[PDB]
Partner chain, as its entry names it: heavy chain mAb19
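Let's start with one chain on its own, the form solved without the partner chain, as structure tokens.
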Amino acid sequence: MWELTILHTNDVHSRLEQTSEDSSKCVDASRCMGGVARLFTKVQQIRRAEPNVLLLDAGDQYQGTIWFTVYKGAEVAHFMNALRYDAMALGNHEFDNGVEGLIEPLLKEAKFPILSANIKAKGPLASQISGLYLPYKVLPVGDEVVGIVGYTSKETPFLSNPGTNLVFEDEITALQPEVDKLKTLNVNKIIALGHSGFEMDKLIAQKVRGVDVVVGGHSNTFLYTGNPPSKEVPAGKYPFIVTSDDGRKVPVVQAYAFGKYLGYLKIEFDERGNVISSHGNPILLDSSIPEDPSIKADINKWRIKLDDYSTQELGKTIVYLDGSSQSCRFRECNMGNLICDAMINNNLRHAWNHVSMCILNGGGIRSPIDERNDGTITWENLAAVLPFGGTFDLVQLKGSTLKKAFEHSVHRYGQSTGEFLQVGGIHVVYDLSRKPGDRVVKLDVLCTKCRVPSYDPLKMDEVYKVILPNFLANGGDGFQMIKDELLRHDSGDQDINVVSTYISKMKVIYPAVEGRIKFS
């Protein structure tokens, strides 16, 4: 028997400092969780106790808070080096600043292998990015060797900016030849570390022969064995066991998101590299684990530059602004209503030209905002909600295109995918019992060609003026029908600026869940 402890993080999303338990800015420090200084403490405590330890990242360190807006990846390279990560798989967000935004801040500065077997570079980019990322890495672990094969979501070109000189091959197709190569190199212990979501992770475990453990991200999947330590409801047991097609039991792990937890799985391997047993659970990074003084002091040095921002309050909230994914990707969430009202207000202020409707991919809502901080909302709080630097664009759509967009919003409902829409000037009702593509049972919209605006059934053959983020207007999130069927598209103001000017105009905000979205 040979034992390995896999320590793992995924979807940290610029949460370098300890956060509130919902991962919003830390205010009451005694109840704060996560951060890199606290993570360093737990890792050290496990490394001290266990002989064979790997610390892995399943991607999406990039994009999330003012840490990234300012350091653009340099903070990721620096503090992951400080923590001595053994390997990292590339996430879709690592491409948000293009290949140059990945190469210079992270690929050239990381002292640990960065992996992806399903990303192939072509032509001009190929010679530049040579060995800057790898398909796998064979890591010495004590008297053994462990192979770690990387993978990144197929939909990265539709979620990010990877550019035209990167070919995103199907995960399973690209993984099997890499795993088979490692077997010929007599690497009997194989970890698939990647960023495609829990459903693809279970598929890789099932189909890719020779993979022993799948470590994933992207779906922000919380898995737990027994009674959970916080507010996250588990999606299944930890580890999640997949019975593979070749007749093996393959554990699948994920550690939620935002560095709130440290994934922890102890594996017993046999002489031949097969998993005999696996047990563990994600470790809640709460107050009972102290922040490392050395890392903390270094975080405070790097914080001086973020503090240069105005601590000026854009306004106050008397209600909790629910910007969490388990709300905004599943049902009507008051943060979505606020952003849609900000969108409509911005466009109706300077204007046919009359815009009453708003759509907004819930997945584009990246953080909640707490109201107990005397209700204060600053640019830093807002930048965690809207970090992508997009614009709120004006589009002209047929009712049939909008009916299609709303069918797409729920086409794969239940997987925590980002396409679920938050709305303004629309009253939609879904019936999830119905087959995908026929789930919209009611779709009323606010009339424009009326002196008194009211909700009327959406007409297939009619034309509507919709305010939506540029991401959607450009057919992002699988909304092909918008880019292909739109009749007019006009660029709008910057997303964060639209919301901050609205908050400033309102002074005190109180958005509610009021029935814009219903389920029968």
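Numbering follows the first chain given and starts at 1.
Just so you know, the form solved in complex with the partner chain exists too; it's not on screen, but the next bit is about it.
Among residues of the shown chain, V275 is not one whose heavy atoms approach the partner chain to within 4.5 Å in the deposited bound form. Within this chain, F222 is remote from the site of the partner chain in the deposited bound form, having no heavy atom within 4.5 Å. Residue contact check for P140: one or more of its heavy atoms lie within 4.5 Å of the partner chain in the deposited bound form. Contact annotation: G197 falls outside 4.5 Å of the partner chain in the deposited bound form, judged by heavy atom distances. Between the partner chain and the residues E268, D307, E144, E100, the one pair within 4.5 Å by heavy atoms in the deposited bound form involves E144.
Put simply, of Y136, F392, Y430, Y238 only one has a heavy atom within 4.5 Å of the partner chain in the deposited bound form, and it is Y136.
Across the options 256-264, 199-207, 128-136, 409-417, residues that bring heavy atoms within 4.5 Å of the partner chain in the deposited bound form belong to 128-136. Residues of 165-198 lying near the partner chain in the deposited bound form, listed in sequence order, are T184, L185, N186, the criterion being any heavy atom within 4.5 Å.
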